Number of protein chains: 2
Amino acid sequence: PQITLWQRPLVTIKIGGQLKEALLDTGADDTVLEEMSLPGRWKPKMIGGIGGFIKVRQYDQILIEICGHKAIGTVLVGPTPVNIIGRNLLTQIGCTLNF
Amino acid sequence: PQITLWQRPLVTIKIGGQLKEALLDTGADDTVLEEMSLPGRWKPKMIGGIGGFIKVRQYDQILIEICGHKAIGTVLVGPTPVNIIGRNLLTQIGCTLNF
Ligand SMILES: Cc1cccc(C)c1OCC(=O)N[C@@H](Cc1cccc(Br)c1)[C@H](O)C[C@H](CC(C)C)S(=O)(=O)c1ccc(F)cc1
Ligand SMILES: [Cl-]
Ligand SMILES: [Cl-]
Ligand SMILES: [Cl-]
């Protein structure tokens, strides 16, 4: 697809068998989702945004689809204002910025 | 150009005669720069997200050059940790997400 930016680039993702809405965010190094259950062990991580740093849970090698494109990678979970797809998965699905 | 997302998409901008580095951020609704002077009227605004909110000054109808592409739009000024080019100006230079 080709996605313009006159509105938020919100897409449907699938993780854990469930459909969720998420923002394609080239401003984000990593992917962070609202509180949810994921399998396995997690590791601690700090991420910094406009107001400061938050603590999140880091889960590795998690299956996730983005607009139907299947990916496998690191997913962070924590008190994010919105589900964010960051560059770690955007790169996996072959996303680039063009003008 | 086509900009890869293997790395943060930082680009050179020109504003108020100054050259600065800024992040092309599809996740940001608006453009926000570190503390600087700009011409004209302004109004206070709060913007927020991970780590909370910050107070900014909103200036409208500000000319900016992004990778040599001229645009006009609202610029927010305040204690952001990084300069951010948001969708309000990305649209004007014709920037799209593609995969
Ligand atoms: C999710 C994530 C994981 C690891 C590392 C990073 C940087 C990251 O993204 C965090 C995030 O908050 N990114 C911002 C842009 C940003 C902000 C601070 C530092 C860096 Br570096 C990058 C996200 O792309 C844009 C945000 C919004 C997002 C949380 C929906 S925002 O900055 O809060 C914003 C709000 C309103 C505006 F008008 C403009 C910008
Ligand atoms: Cl912890
Ligand atoms: Cl990953
Ligand atoms: Cl604008």
# chains A, B, ... in the order shown; residues from 1 in each chain; ligands from 1

call {"tool": "residues_around", "arguments": {"residues": "segment 80-82 of chain A", "least_positions_apart": "5", "cutoff": "8 Å", "atoms": "only C-alpha atoms", "output": "list in words"}}
result
residues 22, 23, 32, 33 and 34 of chain A; 49 and 50 of chain B

call {"tool": "interface_residues", "arguments": {"of": "chain B", "to": "chain A", "cutoff": "10 Å", "atoms": "only C-alpha atoms", "output": "count of residues only"}}
result
49

call {"tool": "select_by_dssp", "arguments": {"residues": "chain A", "states": "strand (DSSP E)", "output": "PDB file with C-alpha atoms, in the first residue's frame"}}
result
ATOM      1  CA  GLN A   2       0.704   3.711  -0.248  1.00  0.00           C
ATOM      2  CA  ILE A   3      -0.476   5.738   2.716  1.00  0.00           C
ATOM      3  CA  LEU A  10      -3.957   3.829  11.698  1.00  0.00           C
ATOM      4  CA  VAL A  11      -4.055   0.230  10.535  1.00  0.00           C
ATOM      5  CA  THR A  12      -5.342  -3.096  11.750  1.00  0.00           C
ATOM      6  CA  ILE A  13      -2.817  -5.425  13.346  1.00  0.00           C
ATOM      7  CA  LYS A  14      -3.294  -8.981  14.568  1.00  0.00           C
ATOM      8  CA  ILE A  15      -1.527 -10.328  17.653  1.00  0.00           C
ATOM      9  CA  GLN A  18      -6.954 -10.575  18.152  1.00  0.00           C
ATOM     10  CA  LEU A  19      -7.456  -7.579  15.913  1.00  0.00           C
ATOM     11  CA  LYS A  20      -6.262  -4.202  17.182  1.00  0.00           C
ATOM     12  CA  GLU A  21      -5.884  -0.698  15.776  1.00  0.00           C
ATOM     13  CA  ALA A  22      -2.358   0.742  15.694  1.00  0.00           C
ATOM     14  CA  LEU A  23      -0.426   3.814  14.481  1.00  0.00           C
ATOM     15  CA  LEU A  24       2.410   3.551  11.956  1.00  0.00           C
ATOM     16  CA  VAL A  32       4.708  -0.601  21.956  1.00  0.00           C
ATOM     17  CA  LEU A  33       1.171  -1.821  22.692  1.00  0.00           C
ATOM     18  CA  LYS A  43      12.785  -8.227  30.001  1.00  0.00           C
ATOM     19  CA  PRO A  44      12.756  -4.657  31.292  1.00  0.00           C
ATOM     20  CA  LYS A  45      13.024  -1.704  29.017  1.00  0.00           C
ATOM     21  CA  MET A  46      12.866   2.099  29.287  1.00  0.00           C
ATOM     22  CA  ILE A  47      11.500   4.169  26.432  1.00  0.00           C
ATOM     23  CA  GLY A  48      11.621   7.929  26.106  1.00  0.00           C
ATOM     24  CA  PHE A  53      10.604   7.933  30.178  1.00  0.00           C
ATOM     25  CA  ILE A  54       8.299   5.030  30.944  1.00  0.00           C
ATOM     26  CA  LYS A  55       8.924   1.415  31.898  1.00  0.00           C
ATOM     27  CA  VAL A  56       7.658  -1.272  29.581  1.00  0.00           C
ATOM     28  CA  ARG A  57       7.835  -5.052  29.256  1.00  0.00           C
ATOM     29  CA  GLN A  58       9.907  -6.414  26.362  1.00  0.00           C
ATOM     30  CA  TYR A  59       8.725  -9.619  24.642  1.00  0.00           C
ATOM     31  CA  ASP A  60      10.846 -11.143  21.849  1.00  0.00           C
ATOM     32  CA  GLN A  61      10.027 -13.180  18.755  1.00  0.00           C
ATOM     33  CA  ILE A  62       6.300 -12.519  18.894  1.00  0.00           C
ATOM     34  CA  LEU A  63       4.085 -13.167  15.882  1.00  0.00           C
ATOM     35  CA  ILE A  64       2.296 -10.041  14.696  1.00  0.00           C
ATOM     36  CA  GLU A  65       0.539  -9.117  11.450  1.00  0.00           C
ATOM     37  CA  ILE A  66       0.406  -5.531  10.149  1.00  0.00           C
ATOM     38  CA  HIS A  69       1.741  -8.571   6.416  1.00  0.00           C
ATOM     39  CA  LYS A  70       3.122 -11.289   8.729  1.00  0.00           C
ATOM     40  CA  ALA A  71       5.983 -10.285  11.021  1.00  0.00           C
ATOM     41  CA  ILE A  72       7.899 -11.804  13.912  1.00  0.00           C
ATOM     42  CA  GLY A  73       9.722  -9.590  16.347  1.00  0.00           C
ATOM     43  CA  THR A  74      10.008  -7.646  19.545  1.00  0.00           C
ATOM     44  CA  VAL A  75       6.875  -6.197  21.088  1.00  0.00           C
ATOM     45  CA  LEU A  76       6.828  -3.860  24.055  1.00  0.00           C
ATOM     46  CA  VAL A  77       3.863  -3.668  26.377  1.00  0.00           C
ATOM     47  CA  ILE A  84       2.398   2.116  18.066  1.00  0.00           C
ATOM     48  CA  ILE A  85       4.130   0.218  15.293  1.00  0.00           C
ATOM     49  CA  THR A  96       9.767   3.355   3.553  1.00  0.00           C
ATOM     50  CA  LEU A  97       9.044   7.092   3.519  1.00  0.00           C
ATOM     51  CA  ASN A  98       8.757   8.664   0.052  1.00  0.00           C
TER      52      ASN A  98
END

call {"tool": "atom_distance", "arguments": {"atom1": "atom 12 (O, counted along the ligand's line) of ligand 1", "atom2": "atom CA of residue 37 of chain B"}}
result
24.3 Å

call {"tool": "calpha_fit_and_write", "arguments": {"fixed": "chain A", "moving": "chain B", "output": "short mmCIF file (atom, residue, chain, number, x, y, z; two decimals) with N, CA and C atoms, in the first residue's frame"}}
result
data_model
loop_
_atom_site.label_atom_id
_atom_site.label_comp_id
_atom_site.auth_asym_id
_atom_site.auth_seq_id
_atom_site.Cartn_x
_atom_site.Cartn_y
_atom_site.Cartn_z
N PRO B 1 0.20 -1.18 0.32
CA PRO B 1 -0.58 0.03 0.06
C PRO B 1 0.28 1.29 0.01
N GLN B 2 -0.32 2.38 -0.44
CA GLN B 2 0.25 3.70 -0.22
C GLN B 2 -0.65 4.41 0.79
N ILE B 3 -0.03 4.86 1.87
CA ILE B 3 -0.74 5.49 2.96
C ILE B 3 -0.42 6.98 2.98
N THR B 4 -1.47 7.78 2.84
CA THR B 4 -1.45 9.21 2.91
C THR B 4 -1.15 9.67 4.34
N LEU B 5 -0.63 10.88 4.49
CA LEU B 5 -0.37 11.40 5.84
C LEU B 5 -1.26 12.57 6.17
N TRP B 6 -2.32 12.78 5.40
CA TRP B 6 -3.29 13.80 5.75
C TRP B 6 -3.93 13.53 7.11
N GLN B 7 -4.03 12.26 7.44
CA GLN B 7 -4.58 11.76 8.68
C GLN B 7 -3.57 10.87 9.39
N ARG B 8 -3.76 10.64 10.68
CA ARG B 8 -2.89 9.66 11.34
C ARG B 8 -2.94 8.30 10.63
N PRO B 9 -1.78 7.70 10.36
CA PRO B 9 -1.75 6.40 9.66
C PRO B 9 -2.06 5.24 10.61
N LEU B 10 -3.34 5.10 10.93
CA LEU B 10 -3.78 4.01 11.79
C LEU B 10 -4.13 2.81 10.93
N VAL B 11 -3.73 1.62 11.33
CA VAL B 11 -3.98 0.38 10.62
C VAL B 11 -4.39 -0.68 11.64
N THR B 12 -5.02 -1.70 11.10
CA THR B 12 -5.39 -2.88 11.86
C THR B 12 -4.22 -3.84 11.93
N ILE B 13 -3.95 -4.32 13.13
CA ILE B 13 -2.98 -5.37 13.32
C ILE B 13 -3.66 -6.56 13.99
N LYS B 14 -3.01 -7.71 13.93
CA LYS B 14 -3.44 -8.89 14.65
C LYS B 14 -2.27 -9.45 15.45
N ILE B 15 -2.54 -9.62 16.74
CA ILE B 15 -1.55 -10.16 17.63
C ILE B 15 -2.21 -10.95 18.76
N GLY B 16 -1.67 -12.12 19.08
CA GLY B 16 -2.23 -12.92 20.17
C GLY B 16 -3.68 -13.24 19.88
N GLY B 17 -3.97 -13.37 18.58
CA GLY B 17 -5.31 -13.59 18.15
C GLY B 17 -6.21 -12.38 18.26
N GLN B 18 -5.73 -11.27 18.80
CA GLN B 18 -6.61 -10.11 18.97
C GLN B 18 -6.46 -9.13 17.80
N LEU B 19 -7.51 -8.51 17.28
CA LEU B 19 -7.37 -7.44 16.30
C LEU B 19 -7.35 -6.09 17.01
N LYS B 20 -6.38 -5.24 16.69
CA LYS B 20 -6.18 -3.97 17.36
C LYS B 20 -5.87 -2.87 16.36
N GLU B 21 -6.03 -1.61 16.77
CA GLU B 21 -5.66 -0.51 15.87
C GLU B 21 -4.31 0.05 16.30
N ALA B 22 -3.43 0.38 15.36
CA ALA B 22 -2.12 0.88 15.74
C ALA B 22 -1.57 1.90 14.74
N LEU B 23 -0.70 2.77 15.25
CA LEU B 23 -0.16 3.88 14.47
C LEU B 23 1.12 3.48 13.78
N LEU B 24 1.26 3.66 12.47
CA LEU B 24 2.54 3.37 11.81
C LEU B 24 3.50 4.52 12.08
N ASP B 25 4.54 4.31 12.89
CA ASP B 25 5.28 5.45 13.43
C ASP B 25 6.77 5.42 13.10
N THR B 26 7.21 6.15 12.07
CA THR B 26 8.61 6.09 11.65
C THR B 26 9.54 6.70 12.69
N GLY B 27 8.97 7.49 13.57
CA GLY B 27 9.71 8.11 14.66
C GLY B 27 10.00 7.16 15.82
N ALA B 28 9.32 6.02 15.88
CA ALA B 28 9.50 5.07 16.99
C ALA B 28 10.53 4.01 16.63
N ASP B 29 11.54 3.82 17.47
CA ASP B 29 12.53 2.77 17.18
C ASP B 29 11.92 1.38 17.33
N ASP B 30 10.97 1.26 18.26
CA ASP B 30 10.38 -0.01 18.62
C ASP B 30 8.86 0.07 18.70
N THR B 31 8.28 -1.11 18.68
CA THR B 31 6.83 -1.28 18.74
C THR B 31 6.35 -1.32 20.18
N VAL B 32 5.32 -0.54 20.52
CA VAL B 32 4.82 -0.59 21.91
C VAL B 32 3.30 -0.59 21.91
N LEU B 33 2.75 -1.56 22.63
CA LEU B 33 1.31 -1.73 22.72
C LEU B 33 0.79 -1.51 24.14
N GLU B 34 -0.46 -1.07 24.26
CA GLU B 34 -1.14 -1.01 25.54
C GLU B 34 -1.13 -2.35 26.27
N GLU B 35 -1.33 -2.31 27.59
CA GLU B 35 -1.26 -3.50 28.44
C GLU B 35 -2.07 -4.66 27.85
N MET B 36 -1.40 -5.80 27.74
CA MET B 36 -1.91 -7.05 27.23
C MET B 36 -0.98 -8.18 27.67
N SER B 37 -1.48 -9.40 27.55
CA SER B 37 -0.68 -10.59 27.76
C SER B 37 0.01 -11.00 26.46
N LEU B 38 1.25 -11.48 26.61
CA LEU B 38 1.95 -12.11 25.52
C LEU B 38 2.69 -13.32 26.08
N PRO B 39 2.84 -14.27 25.18
CA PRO B 39 3.57 -15.49 25.49
C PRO B 39 5.05 -15.26 25.71
N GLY B 40 5.64 -16.01 26.64
CA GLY B 40 7.06 -16.14 26.73
C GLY B 40 7.74 -15.29 27.79
N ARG B 41 9.06 -15.26 27.66
CA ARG B 41 9.90 -14.51 28.56
C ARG B 41 9.82 -13.02 28.20
N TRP B 42 10.17 -12.22 29.19
CA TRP B 42 10.22 -10.77 28.99
C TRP B 42 11.23 -10.13 29.95
N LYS B 43 11.62 -8.90 29.63
CA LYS B 43 12.53 -8.15 30.49
C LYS B 43 12.04 -6.70 30.58
N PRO B 44 12.29 -6.06 31.71
CA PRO B 44 11.83 -4.68 31.88
C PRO B 44 12.71 -3.76 31.04
N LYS B 45 12.09 -2.66 30.64
CA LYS B 45 12.73 -1.61 29.87
C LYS B 45 12.03 -0.29 30.16
N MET B 46 12.75 0.81 30.00
CA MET B 46 12.20 2.15 30.06
C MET B 46 12.30 2.76 28.66
N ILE B 47 11.19 3.34 28.22
CA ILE B 47 11.24 4.08 26.97
C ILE B 47 10.71 5.48 27.24
N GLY B 48 11.20 6.46 26.48
CA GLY B 48 10.75 7.80 26.84
C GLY B 48 10.78 8.75 25.67
N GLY B 49 10.36 9.98 25.97
CA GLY B 49 10.26 10.94 24.89
C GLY B 49 9.47 12.13 25.39
N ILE B 50 8.57 12.62 24.53
CA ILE B 50 7.89 13.82 25.04
C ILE B 50 7.04 13.47 26.23
N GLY B 51 7.19 14.21 27.32
CA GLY B 51 6.47 13.98 28.55
C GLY B 51 7.19 13.00 29.46
N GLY B 52 8.34 12.51 29.02
CA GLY B 52 9.09 11.61 29.90
C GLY B 52 9.07 10.16 29.49
N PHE B 53 9.25 9.32 30.50
CA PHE B 53 9.49 7.90 30.30
C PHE B 53 8.39 7.04 30.90
N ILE B 54 8.27 5.84 30.35
CA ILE B 54 7.38 4.83 30.91
C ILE B 54 8.12 3.50 30.94
N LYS B 55 7.74 2.69 31.91
CA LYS B 55 8.26 1.34 32.06
C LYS B 55 7.43 0.34 31.25
N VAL B 56 8.12 -0.50 30.52
CA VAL B 56 7.47 -1.49 29.66
C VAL B 56 8.09 -2.87 29.90
N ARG B 57 7.37 -3.87 29.42
CA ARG B 57 7.86 -5.24 29.37
C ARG B 57 8.28 -5.55 27.94
N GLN B 58 9.49 -6.04 27.77
CA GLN B 58 9.95 -6.37 26.42
C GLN B 58 9.86 -7.87 26.13
N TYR B 59 9.05 -8.22 25.15
CA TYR B 59 8.92 -9.56 24.63
C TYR B 59 9.55 -9.66 23.25
N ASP B 60 10.38 -10.67 23.03
CA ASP B 60 11.00 -10.84 21.72
C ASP B 60 10.37 -11.97 20.91
N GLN B 61 10.65 -11.99 19.62
CA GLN B 61 10.19 -13.03 18.72
C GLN B 61 8.69 -13.24 18.82
N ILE B 62 7.92 -12.18 18.70
CA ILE B 62 6.47 -12.19 18.74
C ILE B 62 5.97 -12.04 17.32
N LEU B 63 5.03 -12.91 16.97
CA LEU B 63 4.46 -12.85 15.64
C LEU B 63 3.37 -11.78 15.63
N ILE B 64 3.35 -11.00 14.56
CA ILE B 64 2.34 -9.97 14.40
C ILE B 64 1.97 -9.86 12.92
N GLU B 65 0.74 -9.47 12.63
CA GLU B 65 0.23 -9.25 11.29
C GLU B 65 -0.25 -7.79 11.18
N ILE B 66 0.35 -7.09 10.23
CA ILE B 66 0.15 -5.67 10.00
C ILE B 66 -0.35 -5.51 8.56
N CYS B 67 -1.61 -5.09 8.49
CA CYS B 67 -2.26 -5.00 7.19
C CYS B 67 -2.12 -6.30 6.41
N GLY B 68 -2.25 -7.45 7.05
CA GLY B 68 -2.07 -8.67 6.28
C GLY B 68 -0.63 -9.01 6.01
N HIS B 69 0.32 -8.24 6.54
CA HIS B 69 1.70 -8.64 6.29
C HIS B 69 2.24 -9.25 7.59
N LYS B 70 2.80 -10.45 7.43
CA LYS B 70 3.30 -11.17 8.60
C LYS B 70 4.69 -10.67 8.97
N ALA B 71 4.88 -10.53 10.28
CA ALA B 71 6.23 -10.14 10.69
C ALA B 71 6.55 -10.76 12.04
N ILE B 72 7.82 -10.79 12.39
CA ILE B 72 8.21 -11.24 13.71
C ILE B 72 9.13 -10.20 14.33
N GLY B 73 8.99 -9.90 15.61
CA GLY B 73 9.92 -8.94 16.20
C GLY B 73 9.64 -8.72 17.68
N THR B 74 10.37 -7.77 18.24
CA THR B 74 10.20 -7.39 19.64
C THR B 74 8.96 -6.53 19.76
N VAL B 75 8.18 -6.75 20.81
CA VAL B 75 7.00 -5.98 21.15
C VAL B 75 7.16 -5.53 22.59
N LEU B 76 7.02 -4.24 22.82
CA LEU B 76 7.04 -3.67 24.16
C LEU B 76 5.60 -3.53 24.65
N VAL B 77 5.30 -3.86 25.90
CA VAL B 77 3.96 -3.72 26.45
C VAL B 77 3.95 -2.82 27.67
N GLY B 78 3.10 -1.79 27.69
CA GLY B 78 3.08 -0.87 28.83
C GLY B 78 2.09 0.26 28.60
N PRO B 79 2.14 1.22 29.50
CA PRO B 79 1.10 2.26 29.52
C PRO B 79 1.28 3.35 28.48
N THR B 80 1.42 2.93 27.23
CA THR B 80 1.43 3.87 26.12
C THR B 80 0.04 4.43 25.81
N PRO B 81 -0.06 5.69 25.41
CA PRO B 81 -1.40 6.24 25.18
C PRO B 81 -2.03 5.75 23.89
N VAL B 82 -1.22 5.22 22.99
CA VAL B 82 -1.69 4.70 21.71
C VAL B 82 -0.85 3.52 21.27
N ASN B 83 -1.40 2.56 20.54
CA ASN B 83 -0.58 1.48 20.03
C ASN B 83 0.30 1.99 18.89
N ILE B 84 1.57 1.65 18.93
CA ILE B 84 2.58 2.14 18.02
C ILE B 84 3.35 1.01 17.36
N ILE B 85 3.37 1.03 16.04
CA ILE B 85 4.22 0.16 15.25
C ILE B 85 5.47 0.95 14.86
N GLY B 86 6.60 0.49 15.37
CA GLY B 86 7.87 1.17 15.18
C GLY B 86 8.72 0.51 14.12
N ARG B 87 9.91 1.08 13.92
CA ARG B 87 10.73 0.74 12.77
C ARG B 87 11.12 -0.74 12.80
N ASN B 88 11.24 -1.34 13.98
CA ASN B 88 11.70 -2.72 14.08
C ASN B 88 10.77 -3.66 13.35
N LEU B 89 9.50 -3.30 13.23
CA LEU B 89 8.56 -4.13 12.51
C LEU B 89 8.19 -3.51 11.17
N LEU B 90 8.26 -2.20 11.03
CA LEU B 90 8.02 -1.58 9.72
C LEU B 90 8.99 -2.07 8.66
N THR B 91 10.23 -2.35 9.08
CA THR B 91 11.20 -2.79 8.07
C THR B 91 10.79 -4.13 7.44
N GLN B 92 10.23 -4.98 8.30
CA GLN B 92 9.94 -6.36 7.95
C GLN B 92 8.81 -6.45 6.95
N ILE B 93 7.93 -5.45 6.96
CA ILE B 93 6.83 -5.48 6.00
C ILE B 93 7.23 -4.66 4.78
N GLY B 94 8.46 -4.16 4.79
CA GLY B 94 8.95 -3.47 3.61
C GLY B 94 8.51 -2.04 3.50
N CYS B 95 8.24 -1.40 4.63
CA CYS B 95 7.65 -0.06 4.60
C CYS B 95 8.71 1.01 4.41
N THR B 96 8.42 1.94 3.49
CA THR B 96 9.34 3.02 3.18
C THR B 96 8.63 4.38 3.19
N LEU B 97 9.40 5.42 3.45
CA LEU B 97 8.97 6.80 3.25
C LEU B 97 9.35 7.27 1.85
N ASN B 98 8.43 7.93 1.17
CA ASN B 98 8.65 8.36 -0.20
C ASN B 98 8.10 9.77 -0.45
N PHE B 99 8.93 10.62 -1.04
CA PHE B 99 8.51 11.92 -1.54
C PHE B 99 9.45 12.38 -2.66
#

call {"tool": "select_by_dssp", "arguments": {"residues": "chain A", "states": "alpha helix (DSSP H)", "output": "count of residues only"}}
result
6
